[PDB]
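Text of data13.csv (CSV, C-alpha atoms) as supplied:
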```
chain,number,residue,atom,x,y,z
E,202,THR,CA,-4.5,-1.8,19.3
E,203,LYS,CA,-2.1,0.0,17.0
E,204,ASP,CA,0.2,-0.4,14.0
E,205,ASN,CA,1.5,-3.9,13.9
E,206,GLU,CA,0.0,-4.9,17.2
E,207,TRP,CA,-3.2,-6.8,17.6
E,208,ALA,CA,-4.6,-8.2,20.7
E,209,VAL,CA,-6.1,-11.7,20.5
E,210,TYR,CA,-8.9,-13.0,22.6
E,211,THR,CA,-10.1,-16.5,22.5
E,212,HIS,CA,-13.4,-18.2,23.4
E,213,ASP,CA,-15.0,-21.6,23.3
E,214,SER,CA,-18.7,-21.0,22.7
E,215,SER,CA,-19.5,-24.7,22.6
E,216,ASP,CA,-19.4,-24.8,26.4
E,217,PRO,CA,-20.4,-22.6,29.5
E,218,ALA,CA,-16.8,-22.8,30.7
E,219,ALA,CA,-15.9,-20.1,28.1
E,220,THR,CA,-16.7,-17.1,30.2
E,221,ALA,CA,-16.4,-13.5,28.8
E,222,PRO,CA,-13.0,-13.4,26.9
E,223,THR,CA,-12.0,-10.1,28.4
E,224,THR,CA,-8.3,-10.8,28.6
E,225,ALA,CA,-5.6,-10.7,25.9
E,226,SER,CA,-5.1,-14.4,25.3
E,227,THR,CA,-2.1,-13.2,23.2
E,228,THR,CA,-0.8,-10.4,21.0
E,229,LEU,CA,0.6,-10.3,17.5
E,230,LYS,CA,3.5,-8.3,16.4
E,231,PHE,CA,4.1,-7.3,12.8
E,232,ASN,CA,7.0,-5.5,11.1
E,233,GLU,CA,6.7,-2.4,8.9
E,234,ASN,CA,6.0,-4.6,6.0
E,235,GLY,CA,3.0,-6.2,7.7
E,236,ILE,CA,4.8,-9.5,8.3
E,237,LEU,CA,3.9,-11.3,11.5
E,238,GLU,CA,7.1,-11.1,13.6
E,239,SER,CA,5.8,-12.5,16.9
E,240,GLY,CA,2.9,-14.1,18.8
E,241,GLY,CA,3.3,-17.1,16.4
E,242,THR,CA,1.4,-19.6,18.4
E,243,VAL,CA,-0.6,-20.2,21.6
E,244,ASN,CA,-1.6,-23.3,23.3
E,245,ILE,CA,-5.4,-22.8,23.6
E,246,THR,CA,-7.9,-25.0,25.5
E,247,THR,CA,-10.7,-26.6,23.7
E,248,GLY,CA,-13.2,-26.5,26.5
E,249,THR,CA,-14.9,-29.8,27.6
E,250,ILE,CA,-18.0,-32.1,27.0
E,251,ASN,CA,-19.2,-35.4,28.5
E,252,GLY,CA,-15.9,-36.1,30.3
E,253,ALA,CA,-13.9,-35.5,27.2
E,254,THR,CA,-10.8,-33.7,28.2
E,255,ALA,CA,-10.1,-30.2,27.1
E,256,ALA,CA,-7.3,-31.2,24.8
E,257,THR,CA,-5.6,-27.8,24.2
E,258,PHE,CA,-3.8,-27.1,21.0
E,259,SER,CA,-1.1,-25.0,19.4
E,260,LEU,CA,-2.8,-22.4,17.3
E,261,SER,CA,-0.4,-20.9,14.8
E,262,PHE,CA,-0.7,-17.7,13.0
E,263,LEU,CA,2.3,-18.3,10.9
E,264,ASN,CA,2.6,-16.1,7.9
E,265,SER,CA,-0.3,-13.9,8.9
E,266,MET,CA,0.0,-10.4,7.5
E,267,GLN,CA,-1.1,-6.8,8.1
E,268,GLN,CA,-1.6,-5.1,4.7
E,269,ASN,CA,-3.2,-2.0,3.3
E,270,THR,CA,-5.8,-3.8,1.3
E,271,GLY,CA,-8.5,-6.3,1.9
E,272,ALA,CA,-10.9,-7.0,4.7
E,273,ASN,CA,-9.9,-8.8,7.8
E,274,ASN,CA,-10.2,-12.4,6.8
E,275,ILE,CA,-9.2,-16.0,7.2
E,276,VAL,CA,-7.4,-17.6,4.3
E,277,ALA,CA,-6.9,-21.3,5.2
E,278,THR,CA,-7.1,-22.8,8.7
E,279,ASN,CA,-6.5,-26.3,9.8
E,280,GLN,CA,-8.0,-28.6,12.5
E,281,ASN,CA,-5.3,-31.2,13.2
E,282,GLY,CA,-7.6,-34.1,14.2
E,283,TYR,CA,-10.7,-36.1,13.4
E,284,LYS,CA,-14.2,-37.1,14.5
E,285,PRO,CA,-15.5,-40.8,14.2
E,286,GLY,CA,-15.5,-42.6,10.8
E,287,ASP,CA,-17.3,-45.3,8.9
E,288,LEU,CA,-15.8,-47.3,6.0
E,289,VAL,CA,-17.4,-46.0,2.9
E,290,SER,CA,-15.2,-47.3,0.2
E,291,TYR,CA,-12.0,-49.0,-1.0
E,292,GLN,CA,-9.5,-47.7,-3.3
E,293,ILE,CA,-6.2,-48.7,-4.8
E,294,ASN,CA,-3.7,-46.2,-6.1
E,295,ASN,CA,-1.2,-47.1,-8.9
E,296,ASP,CA,1.6,-47.1,-6.3
E,297,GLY,CA,0.0,-50.1,-4.7
E,298,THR,CA,-1.4,-48.3,-1.7
E,299,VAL,CA,-4.6,-49.6,-0.5
E,300,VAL,CA,-6.7,-47.0,1.2
E,301,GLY,CA,-9.9,-46.5,3.0
E,302,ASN,CA,-12.3,-43.8,2.3
N,152,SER,CA,7.2,9.6,-13.4
N,153,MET,CA,5.3,12.7,-14.1
N,154,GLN,CA,5.1,14.2,-17.6
N,155,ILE,CA,4.0,17.8,-17.3
N,156,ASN,CA,3.0,20.3,-19.9
N,157,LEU,CA,2.8,23.8,-18.8
N,158,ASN,CA,1.6,26.9,-20.5
N,159,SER,CA,4.5,29.2,-21.1
N,160,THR,CA,2.4,32.3,-20.3
N,161,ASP,CA,0.9,31.3,-16.9
N,162,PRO,CA,2.5,33.3,-14.0
N,163,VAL,CA,1.6,33.3,-10.2
N,164,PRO,CA,2.0,37.0,-9.0
N,165,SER,CA,-1.5,37.0,-7.4
N,166,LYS,CA,-0.2,35.4,-4.2
N,167,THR,CA,2.8,33.9,-2.3
N,168,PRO,CA,1.3,31.6,0.6
N,169,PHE,CA,0.8,27.9,0.0
N,170,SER,CA,-0.8,25.5,2.5
N,171,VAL,CA,-2.1,23.5,-0.4
N,172,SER,CA,-5.0,26.0,-0.7
N,173,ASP,CA,-3.7,29.3,-1.9
N,174,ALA,CA,-4.8,28.8,-5.5
N,175,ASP,CA,-3.4,32.1,-6.6
N,176,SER,CA,0.1,31.1,-5.5
N,177,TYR,CA,0.3,28.3,-8.0
N,178,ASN,CA,-0.6,27.3,-11.5
N,179,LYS,CA,-1.0,23.6,-11.2
N,180,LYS,CA,-2.1,21.2,-8.5
N,181,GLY,CA,-1.4,17.6,-9.4
N,182,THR,CA,-1.6,14.5,-7.2
N,183,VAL,CA,0.3,11.3,-7.6
N,184,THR,CA,-0.7,8.3,-5.6
N,185,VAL,CA,2.2,6.4,-4.1
N,186,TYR,CA,2.6,3.4,-1.8
N,187,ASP,CA,4.5,3.1,1.4
N,188,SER,CA,6.0,-0.2,2.8
N,189,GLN,CA,2.5,-1.7,3.6
N,190,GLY,CA,1.0,-0.3,0.4
N,191,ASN,CA,-0.8,2.4,2.2
N,192,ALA,CA,-1.7,5.1,-0.3
N,193,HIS,CA,-0.2,8.5,-0.1
N,194,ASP,CA,-1.2,11.8,-1.7
N,195,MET,CA,1.8,13.3,-3.5
N,196,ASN,CA,0.4,16.8,-4.1
N,197,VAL,CA,2.6,18.7,-6.5
N,198,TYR,CA,2.4,22.4,-7.1
N,199,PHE,CA,3.8,24.1,-10.0
N,200,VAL,CA,4.6,27.8,-9.5
N,201,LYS,CA,5.7,29.9,-12.4
N,202,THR,CA,8.3,32.2,-11.0
N,203,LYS,CA,9.4,33.3,-14.5
N,204,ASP,CA,10.2,32.2,-18.0
N,205,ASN,CA,11.4,28.7,-17.9
N,206,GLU,CA,11.6,28.5,-14.1
N,207,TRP,CA,8.9,26.9,-12.1
N,208,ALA,CA,9.1,26.3,-8.4
N,209,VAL,CA,7.9,23.0,-7.1
N,210,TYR,CA,6.2,22.3,-3.8
N,211,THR,CA,5.3,18.8,-2.6
N,212,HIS,CA,2.8,17.6,-0.1
N,213,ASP,CA,1.5,14.3,1.3
N,214,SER,CA,-2.1,15.0,2.2
N,215,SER,CA,-2.7,11.4,3.3
N,216,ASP,CA,-1.0,12.1,6.6
N,217,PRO,CA,-0.7,14.9,9.2
N,218,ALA,CA,3.1,14.9,8.8
N,219,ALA,CA,2.7,16.8,5.6
N,220,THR,CA,2.7,20.3,7.0
N,221,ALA,CA,2.2,23.5,4.9
N,222,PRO,CA,4.4,23.0,1.8
N,223,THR,CA,5.8,26.5,1.9
N,224,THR,CA,9.3,25.6,0.7
N,225,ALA,CA,10.5,25.1,-2.8
N,226,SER,CA,10.9,21.3,-2.8
N,227,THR,CA,12.7,21.9,-6.1
N,228,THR,CA,12.8,24.0,-9.3
N,229,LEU,CA,12.5,23.3,-12.9
N,230,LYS,CA,14.6,24.9,-15.6
N,231,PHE,CA,13.5,25.0,-19.3
N,232,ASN,CA,15.4,26.2,-22.4
N,233,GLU,CA,14.0,28.8,-24.8
N,234,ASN,CA,12.2,26.0,-26.6
N,235,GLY,CA,10.4,25.0,-23.5
N,236,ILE,CA,12.4,21.9,-23.0
N,237,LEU,CA,13.0,20.8,-19.4
N,238,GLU,CA,16.8,21.3,-19.0
N,239,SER,CA,17.1,20.8,-15.3
N,240,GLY,CA,15.4,19.8,-12.0
N,241,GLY,CA,14.8,16.3,-13.6
N,242,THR,CA,14.1,14.3,-10.4
N,243,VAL,CA,13.7,14.6,-6.7
N,244,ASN,CA,13.7,12.0,-4.0
N,245,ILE,CA,10.4,12.7,-2.3
N,246,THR,CA,9.0,11.2,0.9
N,247,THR,CA,5.8,9.3,0.9
N,248,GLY,CA,4.8,10.1,4.4
N,249,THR,CA,3.8,7.3,6.8
N,250,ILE,CA,0.9,5.1,8.1
N,251,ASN,CA,0.7,2.3,10.7
N,252,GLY,CA,4.4,1.8,11.0
N,253,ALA,CA,4.8,1.6,7.3
N,254,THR,CA,8.0,3.4,6.4
N,255,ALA,CA,8.0,6.6,4.4
N,256,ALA,CA,9.6,4.9,1.4
N,257,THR,CA,10.6,8.0,-0.6
N,258,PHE,CA,10.9,7.9,-4.3
N,259,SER,CA,12.5,9.4,-7.3
N,260,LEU,CA,10.0,11.7,-9.0
N,261,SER,CA,11.0,12.4,-12.5
N,262,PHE,CA,9.8,15.2,-14.7
N,263,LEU,CA,11.7,13.9,-17.7
N,264,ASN,CA,10.6,15.4,-21.0
N,265,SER,CA,8.2,17.9,-19.4
N,266,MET,CA,7.7,21.0,-21.4
N,267,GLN,CA,6.8,24.7,-21.2
N,268,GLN,CA,4.8,25.6,-24.4
N,269,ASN,CA,2.7,28.5,-25.6
N,270,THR,CA,-0.5,26.4,-25.8
N,271,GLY,CA,-2.5,24.2,-23.7
N,272,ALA,CA,-3.5,24.3,-20.0
N,273,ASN,CA,-1.2,23.2,-17.3
N,274,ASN,CA,-1.6,19.4,-17.3
N,275,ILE,CA,-0.5,15.9,-16.6
N,276,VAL,CA,0.1,13.7,-19.5
N,277,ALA,CA,1.1,10.3,-18.1
N,278,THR,CA,2.4,9.5,-14.7
N,279,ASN,CA,3.7,6.3,-13.1
N,280,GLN,CA,3.6,4.8,-9.7
N,281,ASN,CA,6.4,2.3,-9.6
N,282,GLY,CA,5.0,-0.2,-7.1
N,283,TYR,CA,1.9,-2.2,-6.1
N,284,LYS,CA,-0.7,-2.8,-3.4
N,285,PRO,CA,-1.9,-6.3,-2.3
N,286,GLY,CA,-3.2,-8.8,-4.9
N,287,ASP,CA,-5.5,-11.9,-5.2
N,288,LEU,CA,-5.3,-14.5,-7.9
N,289,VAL,CA,-8.1,-13.8,-10.2
N,290,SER,CA,-7.2,-15.8,-13.3
N,291,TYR,CA,-4.8,-17.9,-15.2
N,292,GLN,CA,-3.5,-17.2,-18.7
N,293,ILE,CA,-1.1,-18.7,-21.2
N,294,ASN,CA,0.5,-16.7,-24.0
N,295,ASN,CA,1.5,-18.3,-27.2
N,296,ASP,CA,5.1,-17.8,-26.2
N,297,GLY,CA,4.6,-20.4,-23.4
N,298,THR,CA,4.5,-17.9,-20.6
N,299,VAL,CA,2.2,-18.7,-17.8
N,300,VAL,CA,0.9,-15.7,-16.1
N,301,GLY,CA,-1.3,-14.7,-13.3
N,302,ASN,CA,-3.9,-12.0,-13.4
```
Could you quickly redo this structure as structure tokens?
Amino acid sequence: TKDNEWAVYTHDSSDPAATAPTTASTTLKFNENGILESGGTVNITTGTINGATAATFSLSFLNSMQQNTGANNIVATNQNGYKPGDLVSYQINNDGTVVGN
Amino acid sequence: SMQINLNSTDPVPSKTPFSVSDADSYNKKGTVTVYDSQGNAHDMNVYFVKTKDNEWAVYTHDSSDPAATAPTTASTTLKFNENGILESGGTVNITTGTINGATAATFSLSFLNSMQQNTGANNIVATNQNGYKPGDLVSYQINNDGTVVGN
């Protein structure tokens, strides 16, 4: 929108519930050095499927930056959770931990 | 830094206006790229105007932003001795101009060891931009002194 202010829109394209994201879900503020000063995190819905609840989660933009160079990009993101799993293998670390892969 | 070598016999009497375009009002148009607080590049246009023997007027101008209005005032002046050695006007704190909230840093532009000599064409023979833009880790390297460095 301007120097050091970016509007953020969010949208769950995995479900119909995610209507046109025409509202500023949030906004990010940066200082003169391009350091994210505000808009750190937002609790954002996941949308829903087969009765599964629309969790919602804290999306953090911590340490995001606005700098002269580069192209708008994503340099690491994390999904704090899992899908279903099947016991592929067994492994023992030299610290005595027994783990499942 | 900006090492300048000027021809002792190159005057500007043809014109007096500037506006980074009146060629006749100056002898040398040099540009030093500098970085503001976000690394945004700026165009330090520098004009050398021979006013007389051993005195050159210096005009400065950031063409990377609108803020850099017509540089019609003598940002500084350089004084040389009879041997063409820069005696004064060594350095000036010059603004970088501004972009996207990035502050207009300002920096010490030195003309140390610049000379006014009979021969050559007005020129620039080494300049330095004390700063950086953004960087991405391309490679790893180890020197035989045990230093580990990032390229």
Considering only C-alpha atoms, give me a table of residues in chain E that are at most 12 Å from chain N, with the closest atom pair and distance in Å for each, as a tab-separated table.
```
residue	atom	partner	partner_atom	distance
E:202	CA	N:251	CA	10.9
E:203	CA	N:251	CA	7.3
E:204	CA	N:251	CA	4.3
E:205	CA	N:252	CA	7.0
E:206	CA	N:251	CA	9.7
E:230	CA	N:252	CA	11.5
E:231	CA	N:252	CA	9.3
E:232	CA	N:252	CA	7.7
E:233	CA	N:253	CA	4.7
E:234	CA	N:189	CA	5.1
E:235	CA	N:189	CA	6.1
E:236	CA	N:189	CA	9.4
E:266	CA	N:189	CA	9.9
E:267	CA	N:189	CA	7.7
E:268	CA	N:189	CA	5.4
E:269	CA	N:191	CA	5.1
E:270	CA	N:285	CA	5.9
E:271	CA	N:285	CA	7.8
E:272	CA	N:285	CA	11.4
E:276	CA	N:287	CA	11.2
```
So that I can check the surroundings of residue 219 in chain E, please list as JSON, numbers by chain every protein, DNA and RNA residue that reaches within 10 Å of it, counting all atoms listed in the file and ignoring chain neighbours fewer than 4 positions away. {"E": [211, 212, 213, 214, 215, 246, 247, 248, 249]}
Please identify all polymer residues within 10 Å of range 221-236 of chain N, counting all atoms listed in the file, omitting same-chain residues fewer than 5 positions from it, and present them as a ChimeraX atom specification. /N:156-159,167-172,196-214,241-245,262-269
Using all atoms listed in the file, can you tell me which of E:217, E:262, E:278, E:223 comes closest to residue 240 in chain E?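 Of E:217, E:262, E:278, E:223, the one nearest residue 240 in chain E is E:262, counting all atoms listed in the file.
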To one decimal in Å, tell me the separation between CA of residue 215 in chain N and CA of residue 282 in chain N.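 It comes out at 17.4 Å.
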Quick one: pull the distance between CA of residue 279 in chain E and CA of residue 263 in chain E, Å, one decimal. 11.9 Å
Take CA of residue 246 in chain N and CA of residue 194 in chain N and report the distance between them in Å, one decimal. 10.5 Å
Select, from E:216, E:210, E:291, E:273, the residue with the minimum atom-to-atom distance to residue 250 in chain E, counting all atoms listed in the file.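 Once distances to residue 250 in chain E are computed over all atoms listed in the file, the minimum belongs to E:216.
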Polymer residues at most 12 Å from range 285-288 of chain E, all atoms listed in the file, same-chain spacing of 6 or more positions, as a list in words: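 Residues near the query, excluding close chain neighbours: residues 300, 301 and 302 of chain E.
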Determine, counting all atoms listed in the file, which protein, DNA and RNA residues have an atom within 10 Å of an atom of residue 277 in chain N; residues of the same chain fewer than 6 positions away are not included. Present the result as a tab-separated table (two decimals) with C-alpha atoms, keeping the file's coordinate frame.
```tsv
chain	number	residue	atom	x	y	z
N	152	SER	CA	7.20	9.60	-13.40
N	153	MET	CA	5.30	12.70	-14.10
N	154	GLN	CA	5.10	14.20	-17.60
N	155	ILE	CA	4.00	17.80	-17.30
```
Shell of 8 Å around residue 260 in chain E, all atoms listed in the file, local chain residues under 5 positions omitted, as number ranges by chain: E: 242-245
Put those residues in a file: C-alpha atoms, as a compact mmCIF listing (two decimals), in the frame of the given file.
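Output file out.txt follows:
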```
# COMPACT_ATOMS: atom_id res chain seq x y z
CA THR E 242 1.40 -19.60 18.40
CA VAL E 243 -0.60 -20.20 21.60
CA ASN E 244 -1.60 -23.30 23.30
CA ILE E 245 -5.40 -22.80 23.60
```
Between E:282, E:275, E:293, E:207, which one has atoms that come closest to residue 257 in chain E, using all atoms listed in the file?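 Checking each of E:282, E:275, E:293, E:207 against residue 257 in chain E, counting all atoms listed in the file, the winner is E:282.
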So, counting only C-alpha atoms, which residue among N:239, N:274, N:290, N:280 is closest to residue 260 in chain N?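 So, comparing all the options, the nearest one is N:280.
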For range 222-254 of chain E, which lacks atoms in the input, supply N, CA and C atoms and format the output as an mmCIF file, keeping the file's coordinate frame.
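And here is the file that came out, selection30.cif:
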```
data_model
loop_
_atom_site.group_PDB
_atom_site.id
_atom_site.type_symbol
_atom_site.label_atom_id
_atom_site.label_comp_id
_atom_site.auth_asym_id
_atom_site.auth_seq_id
_atom_site.Cartn_x
_atom_site.Cartn_y
_atom_site.Cartn_z
ATOM 1 N N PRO E 222 -14.401 -13.447 27.378
ATOM 2 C CA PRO E 222 -13.000 -13.400 26.900
ATOM 3 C C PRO E 222 -12.534 -11.963 26.992
ATOM 4 N N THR E 223 -12.381 -11.451 28.198
ATOM 5 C CA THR E 223 -12.000 -10.100 28.400
ATOM 6 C C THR E 223 -10.482 -9.909 28.592
ATOM 7 N N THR E 224 -9.714 -10.989 28.480
ATOM 8 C CA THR E 224 -8.300 -10.800 28.600
ATOM 9 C C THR E 224 -7.546 -11.215 27.346
ATOM 10 N N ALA E 225 -6.451 -10.518 27.114
ATOM 11 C CA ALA E 225 -5.600 -10.700 25.900
ATOM 12 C C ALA E 225 -4.977 -12.038 25.921
ATOM 13 N N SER E 226 -5.646 -13.041 25.349
ATOM 14 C CA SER E 226 -5.100 -14.400 25.300
ATOM 15 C C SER E 226 -3.646 -14.298 24.742
ATOM 16 N N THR E 227 -3.445 -13.478 23.713
ATOM 17 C CA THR E 227 -2.100 -13.200 23.200
ATOM 18 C C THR E 227 -2.082 -11.855 22.481
ATOM 19 N N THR E 228 -0.964 -11.601 21.816
ATOM 20 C CA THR E 228 -0.800 -10.400 21.000
ATOM 21 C C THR E 228 0.115 -10.737 19.819
ATOM 22 N N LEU E 229 -0.176 -10.109 18.697
ATOM 23 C CA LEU E 229 0.600 -10.300 17.500
ATOM 24 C C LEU E 229 1.410 -9.130 17.173
ATOM 25 N N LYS E 230 2.645 -9.355 16.764
ATOM 26 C CA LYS E 230 3.500 -8.300 16.400
ATOM 27 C C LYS E 230 3.868 -8.385 14.922
ATOM 28 N N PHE E 231 3.769 -7.297 14.181
ATOM 29 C CA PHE E 231 4.100 -7.300 12.800
ATOM 30 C C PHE E 231 5.247 -6.308 12.503
ATOM 31 N N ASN E 232 6.003 -6.509 11.437
ATOM 32 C CA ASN E 232 7.000 -5.500 11.100
ATOM 33 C C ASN E 232 6.389 -4.429 10.251
ATOM 34 N N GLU E 233 7.205 -3.504 9.756
ATOM 35 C CA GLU E 233 6.700 -2.400 8.900
ATOM 36 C C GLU E 233 6.188 -2.843 7.573
ATOM 37 N N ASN E 234 6.432 -4.092 7.215
ATOM 38 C CA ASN E 234 6.000 -4.600 6.000
ATOM 39 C C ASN E 234 4.760 -5.455 6.152
ATOM 40 N N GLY E 235 4.240 -5.457 7.382
ATOM 41 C CA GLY E 235 3.000 -6.200 7.700
ATOM 42 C C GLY E 235 3.303 -7.674 7.898
ATOM 43 N N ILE E 236 4.546 -8.059 8.129
ATOM 44 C CA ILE E 236 4.800 -9.500 8.300
ATOM 45 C C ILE E 236 4.815 -9.860 9.766
ATOM 46 N N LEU E 237 4.000 -10.857 10.104
ATOM 47 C CA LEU E 237 3.900 -11.300 11.500
ATOM 48 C C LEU E 237 5.318 -11.687 12.009
ATOM 49 N N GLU E 238 5.795 -10.894 12.951
ATOM 50 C CA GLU E 238 7.100 -11.100 13.600
ATOM 51 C C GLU E 238 6.972 -11.934 14.849
ATOM 52 N N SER E 239 5.922 -11.706 15.636
ATOM 53 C CA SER E 239 5.800 -12.500 16.900
ATOM 54 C C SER E 239 4.372 -12.811 17.246
ATOM 55 N N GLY E 240 4.241 -13.589 18.321
ATOM 56 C CA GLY E 240 2.900 -14.100 18.800
ATOM 57 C C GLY E 240 2.521 -15.289 17.915
ATOM 58 N N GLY E 241 3.506 -15.958 17.311
ATOM 59 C CA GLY E 241 3.300 -17.100 16.400
ATOM 60 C C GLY E 241 2.256 -18.088 16.825
ATOM 61 N N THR E 242 2.412 -18.675 18.004
ATOM 62 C CA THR E 242 1.400 -19.600 18.400
ATOM 63 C C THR E 242 1.116 -19.671 19.882
ATOM 64 N N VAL E 243 -0.101 -20.102 20.186
ATOM 65 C CA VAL E 243 -0.600 -20.200 21.600
ATOM 66 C C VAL E 243 -1.256 -21.508 21.841
ATOM 67 N N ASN E 244 -0.926 -22.131 22.965
ATOM 68 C CA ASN E 244 -1.600 -23.300 23.300
ATOM 69 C C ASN E 244 -2.982 -22.933 23.918
ATOM 70 N N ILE E 245 -4.054 -23.235 23.206
ATOM 71 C CA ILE E 245 -5.400 -22.800 23.600
ATOM 72 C C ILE E 245 -6.277 -23.996 23.911
ATOM 73 N N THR E 246 -6.981 -23.923 25.039
ATOM 74 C CA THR E 246 -7.900 -25.000 25.500
ATOM 75 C C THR E 246 -9.075 -25.165 24.560
ATOM 76 N N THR E 247 -9.576 -26.389 24.518
ATOM 77 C CA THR E 247 -10.700 -26.600 23.700
ATOM 78 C C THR E 247 -12.025 -26.517 24.460
ATOM 79 N N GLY E 248 -11.952 -26.480 25.773
ATOM 80 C CA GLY E 248 -13.200 -26.500 26.500
ATOM 81 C C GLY E 248 -13.514 -28.034 26.666
ATOM 82 N N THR E 249 -14.626 -28.368 27.328
ATOM 83 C CA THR E 249 -14.900 -29.800 27.600
ATOM 84 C C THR E 249 -16.386 -30.198 27.521
ATOM 85 N N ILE E 250 -16.604 -31.474 27.150
ATOM 86 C CA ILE E 250 -18.000 -32.100 27.000
ATOM 87 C C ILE E 250 -18.017 -33.557 27.331
ATOM 88 N N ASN E 251 -18.953 -33.950 28.198
ATOM 89 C CA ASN E 251 -19.200 -35.400 28.500
ATOM 90 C C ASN E 251 -17.931 -36.097 28.991
ATOM 91 N N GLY E 252 -17.120 -35.442 29.802
ATOM 92 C CA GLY E 252 -15.900 -36.100 30.300
ATOM 93 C C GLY E 252 -14.746 -35.980 29.376
ATOM 94 N N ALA E 253 -14.999 -35.603 28.125
ATOM 95 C CA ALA E 253 -13.900 -35.500 27.200
ATOM 96 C C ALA E 253 -13.039 -34.384 27.624
ATOM 97 N N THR E 254 -11.746 -34.658 27.641
ATOM 98 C CA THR E 254 -10.800 -33.700 28.200
ATOM 99 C C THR E 254 -10.652 -32.534 27.244
#
```
